[PDB]
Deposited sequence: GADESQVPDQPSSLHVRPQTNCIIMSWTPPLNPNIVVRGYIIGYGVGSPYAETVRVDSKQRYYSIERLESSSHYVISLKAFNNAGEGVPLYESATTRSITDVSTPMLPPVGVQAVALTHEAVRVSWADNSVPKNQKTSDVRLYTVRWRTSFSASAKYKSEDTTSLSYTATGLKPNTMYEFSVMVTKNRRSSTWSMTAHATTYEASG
(Lines of atoms letter the chains of each structure in order from A and count residues from 1; the text may use other names and numbers.)
(Lines give C-alpha, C1' and ligand atoms only; values in the text may rest on other atoms or scores of the structure.)
Protein backbone atom coordinates (compact mmCIF):
# COMPACT_ATOMS: atom_id res chain seq x y z
CA UNK A 1 0.00 0.00 0.00
CA UNK A 2 1.49 3.28 -1.24
CA UNK A 3 0.11 6.02 1.06
CA UNK A 4 -1.80 6.81 4.27
CA UNK A 5 -2.62 10.43 3.35
CA UNK A 6 -6.42 9.79 3.37
CA UNK A 7 -8.76 7.30 5.07
CA UNK A 8 -9.48 3.90 3.42
CA UNK A 9 -12.36 3.67 0.99
CA UNK A 10 -15.17 1.21 1.78
CA UNK A 11 -14.79 -2.59 2.00
CA UNK A 12 -15.72 -4.37 -1.25
CA UNK A 13 -18.06 -7.03 0.12
CA UNK A 14 -20.00 -7.95 3.28
CA UNK A 15 -21.88 -11.20 4.00
CA UNK A 16 -23.54 -12.47 7.17
CA UNK A 17 -24.73 -15.94 8.21
CA UNK A 18 -26.89 -15.81 11.37
CA UNK A 19 -26.82 -18.61 13.91
CA UNK A 20 -29.28 -18.96 16.77
CA UNK A 21 -27.24 -17.13 19.44
CA UNK A 22 -24.45 -16.05 17.16
CA UNK A 23 -23.74 -14.37 13.80
CA UNK A 24 -20.89 -15.12 11.37
CA UNK A 25 -19.60 -12.28 9.17
CA UNK A 26 -17.15 -12.19 6.28
CA UNK A 27 -15.78 -9.39 4.09
CA UNK A 28 -13.07 -8.21 1.71
CA UNK A 29 -10.69 -5.22 1.55
CA UNK A 30 -11.37 -2.13 -0.60
CA UNK A 31 -10.61 -2.51 -4.29
CA UNK A 32 -7.94 0.24 -4.19
CA UNK A 33 -4.77 -1.33 -2.68
CA UNK A 34 -2.81 1.94 -2.62
CA UNK A 35 -4.27 3.29 0.62
CA UNK A 36 -2.89 1.62 3.73
CA UNK A 37 -5.47 -0.42 5.64
CA UNK A 38 -4.57 -0.81 9.31
CA UNK A 39 -7.60 -2.80 10.43
CA UNK A 40 -11.39 -2.74 10.66
CA UNK A 41 -13.98 -1.42 13.08
CA UNK A 42 -16.92 -3.74 13.21
CA UNK A 43 -19.93 -2.43 15.05
CA UNK A 44 -23.23 -4.04 15.81
CA UNK A 45 -26.46 -4.12 17.75
CA UNK A 46 -30.20 -4.67 17.76
CA UNK A 47 -31.89 -2.30 15.33
CA UNK A 48 -28.78 -0.12 14.97
CA UNK A 49 -25.11 -0.95 14.84
CA UNK A 50 -24.23 1.03 17.98
CA UNK A 51 -24.55 -1.46 20.85
CA UNK A 52 -20.99 -2.68 20.49
CA UNK A 53 -17.78 -2.04 18.57
CA UNK A 54 -14.83 -4.42 17.85
CA UNK A 55 -11.44 -3.50 16.37
CA UNK A 56 -9.42 -6.03 14.33
CA UNK A 57 -6.29 -6.87 12.30
CA UNK A 58 -5.75 -5.60 8.77
CA UNK A 59 -5.39 -9.22 7.65
CA UNK A 60 -8.71 -10.26 9.22
CA UNK A 61 -11.32 -11.38 6.65
CA UNK A 62 -13.66 -12.96 9.12
CA UNK A 63 -15.43 -12.35 12.45
CA UNK A 64 -17.86 -14.16 14.71
CA UNK A 65 -20.26 -12.00 16.73
CA UNK A 66 -20.68 -14.32 19.64
CA UNK A 67 -23.16 -13.48 22.38
CA UNK A 68 -26.54 -12.58 21.05
CA UNK A 69 -30.26 -13.04 21.35
CA UNK A 70 -32.65 -15.41 19.59
CA UNK A 71 -35.16 -14.00 17.12
CA UNK A 72 -33.48 -10.60 17.11
CA UNK A 73 -32.84 -8.32 14.13
CA UNK A 74 -29.23 -7.14 14.39
CA UNK A 75 -27.71 -4.46 12.21
CA UNK A 76 -23.99 -4.70 11.46
CA UNK A 77 -21.63 -2.03 10.15
CA UNK A 78 -18.04 -2.41 8.89
CA UNK A 79 -15.41 0.29 8.48
CA UNK A 80 -11.79 0.14 7.44
CA UNK A 81 -9.38 2.47 9.23
CA UNK A 82 -5.84 3.84 9.36
CA UNK A 83 -3.88 6.77 10.86
CA UNK A 84 -5.90 9.27 8.83
CA UNK A 85 -9.04 7.97 10.51
CA UNK A 86 -11.97 5.73 9.55
CA UNK A 87 -13.63 5.55 6.15
CA UNK A 88 -17.22 5.08 5.04
CA UNK A 89 -18.93 1.94 6.42
CA UNK A 90 -20.70 -0.94 4.74
CA UNK A 91 -23.80 -2.41 6.44
CA UNK A 92 -25.87 -5.53 6.50
CA UNK A 93 -28.63 -6.83 8.71
CA UNK A 94 -29.53 -10.29 10.02
CA UNK A 95 -32.17 -11.88 12.24
CA UNK A 96 -30.87 -14.53 14.60
CA UNK A 97 -32.66 -17.86 14.71
CA UNK A 98 -35.08 -18.93 17.41
CA UNK A 99 -34.18 -20.97 20.50
CA UNK A 100 -36.93 -23.28 19.19
CA UNK A 101 -34.33 -24.59 16.74
CA UNK A 102 -31.92 -25.65 19.54
CA UNK A 103 -34.67 -26.52 22.08
CA UNK A 104 -35.44 -29.97 20.71
CA UNK A 105 -32.12 -31.31 19.38
CA UNK A 106 -32.62 -33.07 16.02
CA UNK A 107 -33.75 -36.69 16.14
CA UNK A 108 -32.98 -39.44 13.63
CA UNK A 109 -35.41 -40.70 11.00
CA UNK A 110 -37.64 -43.67 11.82
CA UNK A 111 -39.35 -46.50 9.96
CA UNK A 112 -36.27 -47.47 7.99
CA UNK A 113 -36.25 -50.37 5.56
CA UNK A 114 -33.59 -51.81 3.28
CA UNK A 115 -34.74 -54.20 0.59
CA UNK A 116 -32.27 -55.95 -1.72
CA UNK A 117 -32.91 -55.14 -5.38
CA UNK A 118 -30.16 -57.12 -7.11
CA UNK A 119 -26.66 -58.50 -6.51
CA UNK A 120 -25.18 -54.97 -6.76
CA UNK A 121 -28.08 -52.89 -5.39
CA UNK A 122 -30.17 -52.22 -2.24
CA UNK A 123 -33.10 -49.82 -1.84
CA UNK A 124 -33.20 -47.82 1.39
CA UNK A 125 -36.23 -45.88 2.62
CA UNK A 126 -37.22 -44.03 5.77
CA UNK A 127 -39.91 -41.79 7.21
CA UNK A 128 -40.22 -38.51 9.05
CA UNK A 129 -42.78 -37.17 11.53
CA UNK A 130 -41.74 -33.55 10.92
CA UNK A 131 -44.46 -31.90 8.81
CA UNK A 132 -33.60 -31.40 4.86
CA UNK A 133 -30.40 -33.30 4.04
CA UNK A 134 -30.48 -37.02 4.86
CA UNK A 135 -27.17 -38.87 5.10
CA UNK A 136 -27.11 -42.60 4.42
CA UNK A 137 -24.16 -44.82 5.32
CA UNK A 138 -23.42 -48.50 4.77
CA UNK A 139 -20.94 -51.15 5.88
CA UNK A 140 -20.45 -54.92 5.94
CA UNK A 141 -21.95 -56.87 8.84
CA UNK A 142 -13.87 -54.50 11.09
CA UNK A 143 -14.54 -53.31 7.54
CA UNK A 144 -15.68 -49.70 7.46
CA UNK A 145 -18.32 -47.40 6.01
CA UNK A 146 -19.43 -45.73 2.78
CA UNK A 147 -21.35 -42.43 2.77
CA UNK A 148 -23.97 -40.74 0.57
CA UNK A 149 -26.22 -37.66 0.82
CA UNK A 150 -29.78 -37.28 -0.44
CA UNK A 151 -32.43 -34.63 -0.72
CA UNK A 152 -35.24 -37.21 -0.73
CA UNK A 153 -36.71 -39.87 1.61
CA UNK A 154 -35.35 -42.85 -0.34
CA UNK A 155 -31.98 -43.80 -1.81
CA UNK A 156 -30.68 -46.68 -3.90
CA UNK A 157 -27.26 -48.14 -3.08
CA UNK A 158 -25.13 -49.37 -5.96
CA UNK A 159 -21.85 -51.23 -6.32
CA UNK A 160 -22.30 -53.96 -3.75
CA UNK A 161 -20.44 -57.27 -3.63
CA UNK A 162 -23.24 -59.85 -4.19
CA UNK A 163 -24.53 -62.27 -1.52
CA UNK A 164 -23.24 -60.03 1.27
CA UNK A 165 -25.33 -58.71 4.17
CA UNK A 166 -24.83 -54.97 4.63
CA UNK A 167 -25.84 -52.43 7.30
CA UNK A 168 -27.51 -49.13 6.49
CA UNK A 169 -28.03 -46.04 8.61
CA UNK A 170 -29.49 -42.59 8.02
CA UNK A 171 -29.21 -39.23 9.70
CA UNK A 172 -30.85 -35.90 8.93
CA UNK A 173 -29.86 -32.23 8.70
CA UNK A 174 -32.17 -29.23 9.24
CA UNK A 175 -31.08 -25.58 8.88
CA UNK A 176 -27.45 -26.80 9.09
CA UNK A 177 -28.30 -28.85 12.21
CA UNK A 178 -27.92 -32.64 12.38
CA UNK A 179 -29.40 -35.61 14.25
CA UNK A 180 -27.59 -38.87 15.04
CA UNK A 181 -27.50 -42.18 13.15
CA UNK A 182 -30.95 -43.70 12.80
CA UNK A 183 -31.45 -47.32 13.66
CA UNK A 184 -29.84 -49.82 11.28
CA UNK A 185 -31.52 -52.05 8.68
CA UNK A 186 -29.88 -55.29 7.52
CA UNK A 187 -30.25 -56.57 3.93
CA UNK A 188 -28.40 -59.30 2.01
CA UNK A 189 -27.64 -58.68 -1.67
CA UNK A 190 -28.74 -61.18 -4.33
CA UNK A 191 -26.63 -63.96 -5.78
CA UNK A 192 -25.55 -62.84 -9.27
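Gaps between the deposited sequence and the modelled structure occur at positions 132-140, 151-153, 205-206.
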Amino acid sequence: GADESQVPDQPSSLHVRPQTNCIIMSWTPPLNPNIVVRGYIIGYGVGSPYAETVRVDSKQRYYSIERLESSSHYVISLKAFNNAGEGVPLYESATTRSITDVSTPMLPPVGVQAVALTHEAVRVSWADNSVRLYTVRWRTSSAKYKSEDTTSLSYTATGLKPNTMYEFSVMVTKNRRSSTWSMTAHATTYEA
From here on, numbers count along this sequence of modelled residues.
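Higher mean CA B-factor, judged across 69-77 and 87-95 from the recorded values: 69-77. Here the stretch with the larger average CA B-factor, out of 31-39 and 121-129, is 121-129. Looking at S58, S64, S48, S147, the one whose CA carries the top B-factor in the deposited record is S147. Per the deposited record, the Cα B-factor of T158 falls in the middle third when ranked against the other modelled residues of its chain. In the PDB entry, a CA B factor belonging to the highest third of its chain's modelled residues is recorded for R177. Per the deposited record, the Cα B-factor of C22 falls in the middle third when ranked against the other modelled residues of its chain. Among all modelled residues in this chain, the alpha-carbon of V16 has a temperature factor (C-alpha) in the lowest third.
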